[PDB]
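Visitor: Make a model of this:
(4 chains)
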Amino acid sequence: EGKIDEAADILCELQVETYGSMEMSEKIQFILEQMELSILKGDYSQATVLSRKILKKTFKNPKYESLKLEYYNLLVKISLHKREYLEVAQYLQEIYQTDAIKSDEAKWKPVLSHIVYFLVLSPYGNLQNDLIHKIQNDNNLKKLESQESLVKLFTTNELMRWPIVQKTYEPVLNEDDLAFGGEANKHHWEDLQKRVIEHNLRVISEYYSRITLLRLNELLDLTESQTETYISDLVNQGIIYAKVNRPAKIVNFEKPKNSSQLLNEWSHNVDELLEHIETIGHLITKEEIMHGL
Amino acid sequence: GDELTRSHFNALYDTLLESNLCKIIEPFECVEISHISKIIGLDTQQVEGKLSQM
Amino acid sequence: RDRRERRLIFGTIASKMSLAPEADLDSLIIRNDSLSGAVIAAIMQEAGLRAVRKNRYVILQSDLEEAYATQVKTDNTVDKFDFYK
Amino acid sequence: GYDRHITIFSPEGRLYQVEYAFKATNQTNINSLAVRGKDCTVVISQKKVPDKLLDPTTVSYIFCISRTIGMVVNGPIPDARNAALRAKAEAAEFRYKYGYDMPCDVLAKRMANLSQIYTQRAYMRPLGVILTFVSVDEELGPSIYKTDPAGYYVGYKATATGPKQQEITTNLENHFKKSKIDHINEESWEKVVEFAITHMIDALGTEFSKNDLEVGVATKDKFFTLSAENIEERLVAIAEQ
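Guide: Residues are numbered from 1 along each chain as shown, chains lettered A, B, ... in the order given. Below is the structure:
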């Protein structure tokens, strides 16, 4: 009949007072329907509470095929209201190994690009390095090396070929009809471009210590007003730090002076004075071996 | 019109202003003063008087 | 105690815990008569104990009322008039 | 107990003889119910079934003082029969000296005043039973006066005797709250017993047969106790309505 809120309210006001926690077969399956009705209704609070209840009960119980595959789709659907790709990237780690063991490479290829698409949108964290190799990678495939290069793209990104790669290969990128909610494709260009700029300013601070603001706008794919916009956002959020001179138009790294000068930074020369006697001790022994033998 | 709330108007004026000033002070210094007034939303003379007061 | 004076204890404990927007704080101050913060803190603490029973981290209005009837009086020997003097 | 040897108020302000007086009332573990219709008053007591050496018909927890007047006693038996013969004496002597029908208000008040005389005599034991007197007044109509072992008497819309009185009052409180009256409908006294049995089973949580119960009926200028066959007819009459 086309009812959404009526089917959700009637099912929640009954099923909660229905089951006495006796038979967990039809109980777990029908609770998952309560979460699907809350997503179509648009209530994020109802889907969050239901996702924290039977999630741990399923893991403690023996593993089932049709039951565990439903959680993988539901944890992705909550990204519509949440709009956070860091949490949904960890939820796909189980389905990544599920299609690689129980299923075949037919279903393993699409889930490979979805977990990488959610990984490249993550703001920060050290888990991005451990997800480079993964498990089943190094299969010598076109879609495997394409998504794997996107993770390593954060190391060198000039944003010159960024619009070219997205328009050429766009399995999950520009047009994605699977595991992505939205009313149009406008969210693909906005969400992806804002994240790659955040990862751009991180590596540039570790490479160019002092750079002119005029030449900096070409490397970051930004204008004069857009350059200072992303710089001030990362500093306020506690990401990186840099030097921005408005009248001088010079961007520096702002090296910290808190290292106590020669008390710490100079201590890096201990390896210079230490290896002297190590090479002499090895040379005297080496010269006597070839001379006696 | 109230005299008691009048003493708290400058306190609330400086509270919302200080929160916006910390956003400018957090990154590196040496920015245009005319650009500072555009972020606050007031006149240049109005910002220079309140900013130097703190 | 006072109806408004006790609210300082209700509002302080509620700030350190998660509560639903439908929770009525005015129903506790009117019904409670001559009670201290130790009894009030046990009401909000029982609300979390009633919440973990239902596997719901967010305390709703139902968990607040069900926790009030248990912690309202700790004396088991009350009865009513059953034993005179 | 240095001060426990006697019956006085004790240094703690607590009577310890009343402590064991209420415990003796539940020694028999008998649950009774007393309700009042509009024109009638119907009481029901639980009749325990002993072994074959005893006659259940002779076992009665409800005594007849006079017409329209009845007494429901829950507690020790030896104190019930001695109080039953005493309650009848005041009923007949009052109809002689004052020449008037002794109401259940004074009948419970006389036992309350007589209860203090028992406490006043150190060699006499106070009544350890629960005296529940029911009747139909010419003016006030149906009235229930229950005399506690301590001498307290007060009117009751629907009373009970037993550990289940807490559950009995709860079910009967909402029943009288919706109708806003303390009397049961269906003024016919035969239909009043149907409700008295229905509300009692749901309150006690245990359904009983004709041999597990006894049903008294107090009408105007008439009183009688239903036999074993009359109680069975009440259960059949419930299904016909």
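Visitor: Residue D:142 touches residue D:156, doesn't it?
Guide: No - counting by CB atoms under 8 Å, residue D:142 does not reach residue D:156; the two are 10.7 Å apart. (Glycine included, C-beta is placed from N, CA and C.)
Visitor: what about the two, which has more around it?
Guide: Legend: neighbour count by other CB atoms under 10 Å in any protein chain shown for residue D:142 and residue D:156, higher for residue D:142 (22 against 18).
Visitor: what sits against that one?
Guide: Neighbouring residues of residue D:142 by CB atoms under 8 Å, 6 or more residues apart in numbering or on different chains: D:36-41, D:134-136, D:183.
Visitor: One more pass at 10 Å, please.
Guide: D:35-42, D:104, D:134-136, D:157, D:182-184, D:218 (CB atoms under 10 Å, 6 or more residues apart in numbering or on different chains).
Visitor: Show me the common contact partners of residue D:142 and residue D:156, please.
Guide: Between them, residue D:142 and residue D:156 share the contacting residues D:35-36, D:134, D:182, judged by CB under 10 Å, 6+ apart.
Visitor: picking that back up, write a PyMOL command that selects only the buried members of the contacts of residue D:142.
Guide: Selecting only the buried entries of the contacts of residue D:142 in PyMOL, with 16 or more other CB atoms under 10 Å in any protein chain shown as the criterion:
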select buried, chain D and resi 35+36+37+38+40+41+42+104+134+135+136+157+182+183+184+218
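Visitor: Mark which of the contacts of residue D:142 are part of helices, please.
Guide: Residues from the contacts of residue D:142 lying in helices, with DSSP state H as the criterion: residue D:104.
Visitor: For residue D:88, what are phi and psi?
Guide: Reported as degrees, to the nearest 10, the phi and psi values for residue D:88 are phi -70, psi -30.
Visitor: Tell me if I'm right that it and residue D:70 touch.
Guide: No - contact criterion CB atoms under 10 Å: residue D:88 and residue D:70 do not qualify, at 11.7 Å.
Visitor: the more surrounded of those two?
Guide: residue D:70 (24 against 16).
Visitor: is it true that the more buried one lies in a strand?
Guide: Yes - applying DSSP: H, G, I helix; E, B strand; the rest coil, one finds residue D:70 inside a strand.
Visitor: measure it to residue A:132 for me?
Guide: 93 Å (CB to CB, to the nearest Å).
Visitor: same deal with residue C:66?
Guide: Distance from residue C:66 to residue A:132, by CB to CB: 50 Å.
Visitor: same question, residue D:232
Guide: 87 Å.
Visitor: again with residue D:124
Guide: 98 Å.
Visitor: Minimum distance to chain B, which residue of the stretch 51-200 of chain A gives it?
Guide: residue A:198 (15.5 Å; CB to the nearest CB).
Visitor: Return the helix or strand where that residue lies as CSV; C-alpha atoms alone will do.
Guide: Assigned by DSSP states H and E, residue A:198 belongs to helix A:186-205. Provided in CSV are the C-alpha atoms of helix A:186-205 (Å, rounded to 0.1, in the frame of the first residue of the first chain):
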residue,chain,number,x,y,z
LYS,A,186,26.4,15.7,-7.1
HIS,A,187,27.6,14.1,-3.9
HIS,A,188,30.3,12.1,-5.7
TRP,A,189,32.2,15.2,-6.9
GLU,A,190,31.8,17.2,-3.6
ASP,A,191,32.7,14.5,-1.1
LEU,A,192,35.6,13.2,-3.0
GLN,A,193,37.2,16.5,-3.9
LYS,A,194,37.1,17.9,-0.3
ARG,A,195,38.9,14.8,1.1
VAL,A,196,41.7,14.7,-1.4
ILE,A,197,42.5,18.3,-0.6
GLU,A,198,42.8,17.5,3.1
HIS,A,199,45.3,14.7,2.3
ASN,A,200,47.1,17.1,-0.1
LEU,A,201,48.1,19.7,2.5
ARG,A,202,49.4,16.9,4.8
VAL,A,203,52.2,15.7,2.5
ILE,A,204,53.2,19.1,1.1
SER,A,205,54.1,20.3,4.6
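Visitor: Adjacent strands (with direction) for the helix or strand following that helix?
Guide: Helices and strands here follow DSSP H and E; after helix A:186-205, the next one along the chain is strand A:210-212. Strands that pair with strand A:210-212, judged by DSSP bridges, come out as strand A:250-252 (antiparallel).
Visitor: who's in contact with the strand it pairs with?
Guide: Contacts for strand A:250-252 (CB under 10 Å, 6+ apart): A:204-205, A:208-216, A:227-228, A:231, A:242-245, B:28, B:30.
Visitor: And the buried ones among those residues, selectable in PyMOL?
Guide: Under the burial definition 16+ other CB under 10 Å, those of the contacts of strand A:250-252 that qualify are selected in PyMOL by:
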select buried, (chain A and resi 204+205+211+213+216+227+228+231+242+243+244) or (chain B and resi 28)
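Visitor: Let's check: the centremost residue of chain B is which one?
Guide: Nearest to the geometric centre of chain B sits residue B:17, at 3.8 Å (CA atoms, centre = their mean).
Visitor: for the helix or strand harbouring that one, packing partners?
Guide: Here residue B:17, judged by DSSP H and E, is contained in helix B:3-25. Applying 3 or more CB pairs under 10 Å, 6 or more residues apart in numbering or on different chains; DSSP states H and E, one finds that helix B:3-25 contacts helix A:224-236, helix B:33-40, helix B:44-53.
Visitor: Quick check: residues of chain D near chain C?
Guide: Residues of chain D lying close to chain C (CB under 10 Å from any CB of the partner chain) are D:9-10, D:12-15, D:18-19, D:22, D:148-152, D:166.
Visitor: Kindly recompute the last result at 7 Å.
Guide: For chain D, the residues in contact with chain C (CB under 7 Å from any CB of the partner chain) are D:9, D:13-15, D:18-19, D:150.
Visitor: With chain A instead?
Guide: Going by CB under 7 Å from any CB, the residues of chain A near chain C are A:49, A:52-53.
Visitor: mind listing which of the residues you listed are in helices?
Guide: Those of the residues of chain A next to chain C mapping onto helices are residue A:49, per DSSP H.
Visitor: filter the residues of chain A next to chain C to the buried ones?
Guide: Judged by 16+ other CB under 10 Å, buried ones among the residues of chain A next to chain C: residue A:49.
Visitor: Reformat the residues of chain A next to chain C as TSV; add distance to chain B.
Guide: Below are the residues of chain A next to chain C laid out as TSV (distance: CB to the nearest CB, whole Å):
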residue	distance to chain B
A:49	34
A:52	34
A:53	39
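Visitor: Among the residues of chain A next to chain C, find me the one that's closest to chain C.
Guide: Nearest to chain C among the residues of chain A next to chain C, with distances taken as CB to the nearest CB, is residue A:53, at 4.4 Å.
Visitor: how much space between that closest one and residue A:209?
Guide: 52 Å.
Visitor: Okay, and the closest residue to residue C:54 other than its chain neighbours sits in which element?
Guide: Spatial nearest neighbour of residue C:54, excluding adjacent residues (CB to CB, 6 or more residues apart in numbering or on different chains): residue C:63 at 7.1 Å. Using DSSP H and E, residue C:63 falls within helix C:61-71.
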